[PDB]
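Student: Have a look at this one before I ask anything.
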Amino acid sequence: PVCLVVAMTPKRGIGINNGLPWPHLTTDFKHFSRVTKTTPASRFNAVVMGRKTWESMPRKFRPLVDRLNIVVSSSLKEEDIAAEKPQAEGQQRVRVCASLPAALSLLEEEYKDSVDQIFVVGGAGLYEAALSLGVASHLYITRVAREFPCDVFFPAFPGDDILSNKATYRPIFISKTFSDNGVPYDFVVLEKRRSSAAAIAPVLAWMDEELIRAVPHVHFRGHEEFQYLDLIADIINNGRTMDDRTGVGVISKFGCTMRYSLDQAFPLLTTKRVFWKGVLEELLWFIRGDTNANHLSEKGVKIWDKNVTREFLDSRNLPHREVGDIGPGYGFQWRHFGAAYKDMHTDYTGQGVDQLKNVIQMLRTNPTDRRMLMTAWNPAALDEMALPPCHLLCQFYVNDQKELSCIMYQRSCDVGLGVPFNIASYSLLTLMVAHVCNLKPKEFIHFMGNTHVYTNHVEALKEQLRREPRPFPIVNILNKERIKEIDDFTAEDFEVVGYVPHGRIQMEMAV
Amino acid sequence: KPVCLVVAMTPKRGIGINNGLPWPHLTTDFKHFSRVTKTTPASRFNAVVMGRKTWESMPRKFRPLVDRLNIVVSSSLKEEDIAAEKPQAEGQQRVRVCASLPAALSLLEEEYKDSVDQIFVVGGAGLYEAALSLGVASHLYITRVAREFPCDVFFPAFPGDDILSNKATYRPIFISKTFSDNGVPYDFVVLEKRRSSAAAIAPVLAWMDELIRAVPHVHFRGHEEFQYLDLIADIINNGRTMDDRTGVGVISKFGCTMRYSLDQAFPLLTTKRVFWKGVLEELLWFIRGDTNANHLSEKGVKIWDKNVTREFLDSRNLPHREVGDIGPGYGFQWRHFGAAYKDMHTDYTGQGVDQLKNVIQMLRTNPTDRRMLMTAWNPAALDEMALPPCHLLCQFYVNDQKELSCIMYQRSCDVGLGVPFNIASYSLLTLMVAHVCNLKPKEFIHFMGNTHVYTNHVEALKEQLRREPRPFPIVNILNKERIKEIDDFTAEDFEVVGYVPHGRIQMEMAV
Ligand SMILES: NC(=O)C1=CN([C@@H]2O[C@H](COP(=O)(O)OP(=O)(O)OC[C@H]3O[C@@H](n4cnc5c(N)ncnc54)[C@H](OP(=O)(O)O)[C@@H]3O)[C@@H](O)[C@H]2O)C=CC1
Ligand SMILES: NC(=O)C1=CN([C@@H]2O[C@H](COP(=O)(O)OP(=O)(O)OC[C@H]3O[C@@H](n4cnc5c(N)ncnc54)[C@H](OP(=O)(O)O)[C@@H]3O)[C@@H](O)[C@H]2O)C=CC1
Ligand SMILES: C#CCN(Cc1ccc2[nH]c(N)nc(=O)c2c1)c1ccc(C(=O)N[C@@H](CCC(=O)O)C(=O)O)cc1
Ligand SMILES: C#CCN(Cc1ccc2[nH]c(N)nc(=O)c2c1)c1ccc(C(=O)N[C@@H](CCC(=O)O)C(=O)O)cc1
Ligand SMILES: CCCc1nc(N)nc(N)c1N1CCN(c2ccccc2)CC1
Ligand SMILES: CCCc1nc(N)nc(N)c1N1CCN(c2ccccc2)CC1
Ligand SMILES: O=c1ccn([C@H]2C[C@H](O)[C@@H](COP(=O)(O)O)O2)c(=O)[nH]1
Ligand SMILES: O=c1ccn([C@H]2C[C@H](O)[C@@H](COP(=O)(O)O)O2)c(=O)[nH]1
């Protein structure tokens, strides 16, 4: 009964030139350190490594303190290690054996009472050995989300779908995404599968009085994507079947909340590929105050097309609107609130209230002010819009450490399709503002009104809730020096890093 | 050896009148009593104990209480009176009679060991007064009837009867949410006498695993006011200290949620008295679209006075405003969104969007619509306002059973002073709208963006947290038939039933 501890790229790479492939992952080191050391008294833990693995270690850290170090080697002897450095008091002497099966017997022989848990700690030779012999009950894996040049690899195994797209190992633990030196990563654990309260109790018994789950086997649910997945399950389990403007049926709930950290990684949902080109192109479009949808479509982003066709414009009772014109919609209200709309071709510069600019000026000069809001809802103009805004309001907030948070309120949420797009969209806006105001991005908070999954998406979502999420990627702003105002960002000023989502899922847009 | 009291009680400790129950039939209580007295962990059963008159007050079809050993403390009644009262069913226990409760407890030990699990004193004042004297009462199961009723038999006084009203001990360990039957609100409290299966997952939890609590001894926190109390405790412990517009220090968080049911009772917070006359008269003020704060002031509602002084109006750079004119504030945007403001005396009938009309109409005609929103936030008009709206947006929702829910979004939340008032104000509006649309009120959802406590309330709030909440009151709309439109409501048309708050705590308003 042994455990495998590893840090590992999506392609199972683990080393290069007898060393680590990535810059230092401090939190990984701390995690590895804690896992291999902590115990429920008299007992300590055993770390088993290979020669190359022992040798790669900086001399400062070998031998691994408070732990019975063991090396598997044919060519090195117990004296080489005893003479490599002078030993310190309070530790066991490193022991060397022919193979892993041999190295295990040594633990059964001499250390039958001293040690608690055993850990195979590297490298490819030993990990492979343990997998063959099937004594490994658990895998403590650090998924490095970025790809790195490698010559040494972790052997393939049943259930390596947790790494990338293609007696088993199923995930039982998935942590939130951490990042160090511009490298996003997280921790999984895969398991080998193949009367002070008595008085209250019966009162609870009569009170309770009356199905679908996301990745049910995953018990510790650190990953923040669980919010979205538990939110899906919830609506399907406890929603209410409604009719619709569209004619397509709906299961809905009212009043919902997720929030996402922006300091370590970016919440680009990993359980299905998010059309990021679309969120970027559209957010840029918003910020310009552009209301011509053809500018999006010509760039290969057809998200608004169905909602600006000749047919739809007339159902919405706007025969005079050119094909493409979303009326005075989201962008317009951000940049020219309450201005008199004409068409998508008109220049509205200096007109209306520039909510966006005001929000930034306030952020830069008086960040304690509680009137840092931007609204898209304009009662007077709703009829002129092709579609009333879903995400209609956002508030910004700064704390002590110059960390920026953003709340967005959405009236009507398409959970299968719209939500992950809207999460990534406003999380990006936060990064943009944070940079321009000289603030650290902290948190994005999602406030939802009518929250619904369409009945024709239900089949497809059940498939999605079997998928265990991958580590969130990092979004970087490039050209950090060139960009000084919110209007200075372009499509080329960003780079998604480490995005390894699951394959695409087709969902029809309710027209 | 330890005994449990079970009682339904009036705020003034009243339990009976005319050898009967003071209130109409409270069904959930009857269920609660039924299960708590009957349920047992195979061979055993429970014992119930009562005075002669409690046995007499009981309906014939219910006495003796099935599946329980009935025992009556009396000197006039004899055992053969009770046997020759109703034919014995096969499988039951023979009711027993004793001269005193001490003798009753003797009978339990002497003969009924190995037979009875739990013992329950079940009434009336004589026995309850007795059980407290002897000090054998381990737990008191109290149903707190919030309404006052005519009674001639009372529950004895006891240390810890502060759970009922304002003033070896009895401390709460369980407080349930409010239920109501036949216009009677009530809740359930339980008082106490004081005077590597999953272990392989726990090590990675250790380095991830990490000061002020409300009513901590209370472990079951069903009561919905715990939301507010825990929201106070969260900000204080985990909040960040900011400077302020007003100049006073602040502790804060970003955005938090609460939700309150409106089907059983009304979320008029009990742990400190809420100025209901204020909420009611202000809400009506809003509905009218009235911008003259003097109309509030002349009625004894001075909540808007410190923000319409010549001083504040001039500091807000509005010299030409008459004293009392809040500018185009909440009411005005609701009823005349976007209208060109002059002064508080102008008739604006027919100008701007009447958002409130449009919302009611959609509700009454097309309830599955998702654009049923109303906003007070109008960036073009902000500079003309005495104060930018705090609660700036609210959204409605109807489900299967024609039930109405409401969300309100509040950009800035004075947790100590304003939040309780705001919970009451939109919950009241939700009752009002439901009545006019012919709907059942279901739920009020509070989204607050920036949530804070003022540092000159921290002492007053820590005090408040020691207080445990009382049952919520029922708010009734009187003269239903007359009121057909939102404007038909007047101050007299509301009745607050069963409100028993804790003492008023003085908290000043920051200008
Ligand atoms: N990312 C991660 O989590 C980890 C990465 N690494 C990386 O991997 C590399 C080191 O591992 P790797 O290069 O695979 O070398 P290994 O650590 O697998 O050890 C190889 C040597 O050890 C002996 N050995 C190994 N396996 C066996 C076996 N089953 N039976 C008998 N002897 C055995 C052999 O000695 P002989 O030749 O005398 O027979 C062999 O030459 C480094 O680049 C390191 O950075 C290492 C540990 C963890
Ligand atoms: N809301 C609630 O939870 C409950 C309410 N009730 C209500 O309360 C009222 C009953 O209370 P109450 O009027 O006090 O009547 P009780 O049920 O206390 O019975 C009174 C009679 O019982 C006997 N008795 C009671 N206590 C003692 C004692 N310590 N020692 C000796 N004899 C005792 C005496 O009868 P004798 O003269 O024969 O010796 C006395 O006259 C009713 O109106 C009933 O509806 C009752 C139970 C629970
Ligand atoms: C929200 C939003 C912006 N919008 C605008 C928009 C307009 C009308 C809508 N109508 C409805 N009913 N649901 C929506 O989500 C929606 C979204 C979008 C519109 C379509 C797609 C879409 O067809 N899906 C993408 C997948 C993107 C993703 O994975 O998130 C695709 O490739 O087809 C995405 C976003
Ligand atoms: C929110 C709101 C409406 N308003 C308007 C209003 C205007 C400016 C404000 N300014 C600040 N800083 N905090 C507020 O809560 C506040 C509230 C209120 C203003 C004052 C009181 C007040 O003085 N307290 C009440 C007690 C109410 C309660 O028990 O909760 C009183 O007794 O006078 C209440 C509501
Ligand atoms: C510092 C993180 C290394 C690490 N991280 C995680 N998550 N799992 C592992 N098995 C390892 N190891 C084990 C010890 N090791 C090592 C290499 C150089 C210095 C110190 C230890 C080789 C890789
Ligand atoms: C309907 C619940 C009455 C009740 N509820 C609570 N919470 N505590 C009690 N002690 C009682 N009792 C006991 C039985 N009882 C009674 C039972 C049936 C009919 C009339 C009275 C007299 C009052
Ligand atoms: O960013 C968006 C845009 C649209 N929608 C969905 C929500 C609604 O299902 C639909 C619009 O219909 P109404 O809410 O306007 O009825 O589009 C989103 O979820 N997010
Ligand atoms: O209905 C209201 C009105 C005001 N406030 C409080 C919150 C803020 O502390 C203060 C307004 O100050 P600014 O947010 O405008 O700075 O008044 C409320 O909580 N509710």
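These protein sequences, in sequence, are chains B and A.
For the first sequence, the positions run 4 to 43, 71 to 196, 225 to 252, 285 to 300, 310 to 610 when PDB author numbering is used.
For the second sequence, the positions run 3 to 43, 71 to 196, 225 to 252, 285 to 299, 310 to 610 when PDB author numbering is used.
Built from N, CA and C at the ideal position, the CB exists for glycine as well.
Any residues in the segment 446–460 of chain B with a beta carbon nearer than 7 Å to a beta carbon of chain A? Which ones, in chain order?
Tutor: For the segment 446–460 of chain B, which is checked against every Cβ of chain A, the residues closer than 7 Å are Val452, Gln454.
Student: Here's a check: name, in chain order, each residue in its chain whose Cβ is nearer than 6 Å to the Cβ of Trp84 of chain A, leaving out the five neighbours to either side.
Tutor: Residue numbering aside, residue 84 of chain A sits at position 55 when the second sequence is read from its first letter. Only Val101 meet the Cβ criterion.
Student: Is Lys82 of chain A near ligand 2, in the sense that its beta carbon is under 6 Å from a heavy atom of that ligand?
Tutor: Residue mapping note: residue 82 of chain A aligns to position 53 of the second sequence, counting from 1. It does: the Cβ of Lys82 of chain A is within 6 Å (strictly closer) of some heavy atom of ligand 2.
Student: Secondary structure at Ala166 of chain A, three-state DSSP: helix, strand or coil?
Tutor: The residue given as residue 166 of chain A occupies position 137 in the second sequence. The answer is strand: DSSP assigns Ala166 of chain A an E or B state.
Student: State the CB to CB distance for the pair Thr39 of chain B and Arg97 of chain B, rounded to an integer number of angstroms; the pair is presumed to be in contact (CB under 8 Å).
Tutor: Reading the first sequence from its first residue, position 36 is the one you call residue 39 of chain B. Reading the first sequence from its first residue, position 67 is the one you call residue 97 of chain B. That belief holds up - the Cβ atoms of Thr39 of chain B and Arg97 of chain B are roughly 6 Å apart, short of 8 Å.
Student: When DSSP labels each residue in this structure, what does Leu94 of chain B get in the three-state scheme?
Tutor: Taking the first residue of the first sequence as position 1, residue 94 of chain B is located at position 64. Reduced to three states, the DSSP call for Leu94 of chain B is coil.
Student: For the segment 488–515 of chain A, list every residue whose C-beta sits within 8 Å of some C-beta in chain B, in sequence order.
Tutor: Cβ contacts with chain B: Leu491, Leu492, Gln494, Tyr496, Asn498, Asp499, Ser504, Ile506, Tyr508, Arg510, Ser511.
Student: Measure the C-alpha to C-alpha separation of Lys501 of chain B and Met341 of chain A and round it to an integer number of angstroms.
Tutor: Numbered from 1 along the first sequence, position 402 holds the residue referred to as residue 501 of chain B. Numbered from 1 along the second sequence, position 242 holds the residue referred to as residue 341 of chain A. Using only the alpha carbons, I get a separation of about 11 Å.
Student: Give every residue whose Cβ lies closer than 6 Å to any heavy atom of ligand 6, listed in chain order.
Tutor: So the residues near ligand 6 by this Cβ test are A:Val8, A:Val9, A:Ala10, A:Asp31, A:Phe32, A:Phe35, A:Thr83, A:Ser86, A:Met87, A:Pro88, A:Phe91, A:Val151, A:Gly152, A:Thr172.
Student: Return the first residue and the last residue of the beta strand (DSSP E) that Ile148 of chain A is part of.
Tutor: Taking the second sequence and counting its residues from 1, the one referred to as residue 148 of chain A is at position 119. Looking at the DSSP string, the run of the beta strand (DSSP E) that includes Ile148 of chain A is 145–150.
Student: List the residues of chain A that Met341 of chain B touches, going by C-beta distances under 7 Å, in chain order.
Tutor: For the purposes of this step, residue 341 of chain B is taken as the residue at position 242 of the first sequence. Within 7 Å Cβ-Cβ: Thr467.
Student: For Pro242 of chain A, does the three-state DSSP call read helix, strand or coil?
Tutor: The sequence position of residue 242 of chain A within the second sequence is 185, counting from 1. Three-state result, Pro242 of chain A: strand.
Student: Exposed or buried, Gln117 of chain A, counting other C-beta atoms within 10 Å across all chains shown (16 or more means buried)?
Tutor: One-based indexing of the second sequence puts residue 117 of chain A at position 88. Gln117 of chain A should be labelled exposed.
Student: Name, in chain order, the residues that DSSP records as bridge partners for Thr356 of chain A.
Tutor: One-based indexing of the second sequence puts residue 356 of chain A at position 257. Looking at the DSSP assignment, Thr356 of chain A forms a beta bridge with A:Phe546.
Student: Return the CA-CA distance between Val532 of chain B and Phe588 of chain B, expressed in angstroms with no decimal places.
Tutor: Taking the first sequence and counting its residues from 1, one reaches residue 532 of chain B at position 433. Taking the first sequence and counting its residues from 1, one reaches residue 588 of chain B at position 489. Taking the straight line from one Cα to the other gives about 10 Å.
Student: Is any non-hydrogen atom of ligand 1 found closer than 6 Å to the C-beta of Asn239 of chain B, if you look at the structure I gave you?
Tutor: Here residue 239 of chain B is taken as the residue at index 181 of the first sequence, counted from 1. Not under cutoff, so the answer is no.
Student: Compare the C-beta of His168 of chain B with all C-beta atoms of chain A and state if any pair is closer than 7 Å.
Tutor: Position 138 of the first sequence, counting from 1, holds the residue named residue 168 of chain B. Cβ-Cβ to chain A under 7 Å: yes for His168 of chain B.
Student: Compute the beta-carbon to beta-carbon distance between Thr172 of chain B and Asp31 of chain B, rounded to the nearest angstrom, for a pair I have assumed lies under 8 Å.
Tutor: Along the first sequence, one-based indexing puts residue 172 of chain B at 142. Along the first sequence, one-based indexing puts residue 31 of chain B at 28. About 5 Å separates the two Cβ atoms, so the contact holds.
Student: Please tell me whether, using a cut-off of 6 Å, the distance from the CB of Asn521 of chain A to the nearest non-hydrogen atom of ligand 4 is below it.
Tutor: One-based indexing of the second sequence puts residue 521 of chain A at position 422. Checking every heavy atom of ligand 4 against the Cβ of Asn521 of chain A, one is found closer than 6 Å.
Student: How many whole angstroms separate the CB atoms of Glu594 of chain A and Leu577 of chain A, which I take to be in contact at a CB cut-off of 8 Å?
Tutor: Translated into positions along the second sequence, residue 594 of chain A becomes position 495. Translated into positions along the second sequence, residue 577 of chain A becomes position 478. Indeed, because the Cβ distance is near 5 Å, the residues count as touching under 8 Å.
Student: Chain B beta carbons: is any one of them nearer than 7 Å to that of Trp433 of chain A?
Tutor: Your numbering for residue 433 of chain A matches position 334 in the second sequence. Chain B, which has no Cβ nearer than 7 Å to the Cβ of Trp433 of chain A, makes this no.
Student: Considering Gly153 of chain A, what are the terminal residues of the alpha helix (DSSP H) in which it resides?
Tutor: As a working note, residue 153 of chain A is residue 124 in the second sequence. Taken as a continuous stretch (DSSP letters only), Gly153 of chain A belongs to no alpha helix (DSSP H), as it is neither H nor E.
Student: Tell me which residue opens and which closes the beta strand (DSSP E) that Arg228 of chain A is part of.
Tutor: Position 171 of the second sequence, counted from the start, is the residue given in the question as residue 228 of chain A. Counting along the chain, the beta strand (DSSP E) containing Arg228 of chain A begins and ends at 227–232.
Student: If we count the other Cβ atoms within 10 Å of its Cβ and call it buried at 16 or more, is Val422 of chain B buried or exposed?
Tutor: Looking up residue 422 of chain B in the first sequence gives position 323. Label assigned to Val422 of chain B: exposed.
Student: Consult DSSP for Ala113 of chain A and reduce its assignment to one of helix, strand or coil.
Tutor: As a first step, residue 113 of chain A must be located in the second sequence, where it is residue number 84. Three-state DSSP puts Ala113 of chain A in coil, outside helix and strand.
Student: Determine the chain A residues that contact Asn549 of chain B at a beta-carbon separation under 7 Å, and present them in chain order.
Tutor: As a working mapping, residue 549 of chain B is identified with position 450 in the first sequence. The contacting residues are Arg469, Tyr496.
Student: For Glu119 of chain A, which option in A:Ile311, A:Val95, A:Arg125, A:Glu109 has the closest C-alpha, if you only look at C-alpha atoms?
Tutor: As a position in the second sequence, residue 119 of chain A is number 90, starting the count at 1. Looking at the Cα atoms, A:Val95 is the closest of the given residues.
Student: State the Cα-Cα distance for the pair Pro478 of chain B and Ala295 of chain A, rounded to the nearest angstrom.
Tutor: Here residue 478 of chain B refers to the residue found at position 379 when the first sequence is read from its first residue. Here residue 295 of chain A refers to the residue found at position 206 when the second sequence is read from its first residue. About 52 Å.
Student: Just to check, is the beta-carbon of residue 260 of chain A closer than 6 Å to a non-hydrogen atom of ligand 2?
Tutor: This model leaves out residue 260 of chain A; its place in chain A lies between 252 and 285, and no residues are given there.
Student: Just checking: is the beta-carbon of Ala289 of chain B within a distance shorter than 7 Å of some beta-carbon in chain A?
Tutor: On the first sequence, residue 289 of chain B is found 199 positions in, with the first residue counted as 1. Yes, its Cβ sits closer than 7 Å to a Cβ of chain A.
Student: Report all residues from its chain with a CB closer than 7 Å to the CB of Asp442 of chain A; omit the five preceding and five following residues, and keep chain order.
Tutor: What you label residue 442 of chain A is simply residue 343 of the second sequence in a count that begins at 1. Same-chain partners within the cutoff: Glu421, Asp424.
Student: Return the CA-CA distance between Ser414 of chain A and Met471 of chain B, expressed in angstroms with no decimal places.
Tutor: The residue given as residue 414 of chain A occupies position 315 in the second sequence. The residue given as residue 471 of chain B occupies position 372 in the first sequence. Straight-line Cα distance between these residues: approximately 20 Å.
Student: Does the pairing of the segment 524–531 of chain B with the segment 319–333 of chain B give three or more beta-carbon distances under 8 Å?
Tutor: Because the criterion of three Cβ pairs below 8 Å is not met, the segment 524–531 of chain B and the segment 319–333 of chain B do not touch.
Student: Should the segment 563–579 of chain A be called in touch with the segment 151–170 of chain A, which here means at least 3 C-beta pairs below 8 Å?
Tutor: Counting Cβ pairs under 8 Å, fewer than three are found: no touch.
Student: Suppose the cutoff is 6 Å on Cβ atoms and the five residues either side in sequence are ignored; what does the same chain contact list for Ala438 of chain A look like?
Tutor: Residue 438 of chain A sits at position 339 when you count from the first residue of the second sequence. Taken in chain order, the residues that qualify are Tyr447, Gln450, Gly451.
Student: Compare the C-beta of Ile544 of chain A against all C-beta atoms of chain B and say whether one is closer than 7 Å.
Tutor: Taking the first residue of the second sequence as 1, we reach residue 544 of chain A at position 445. With 7 Å as the cut-off, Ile544 of chain A counts as an interface residue toward chain B.
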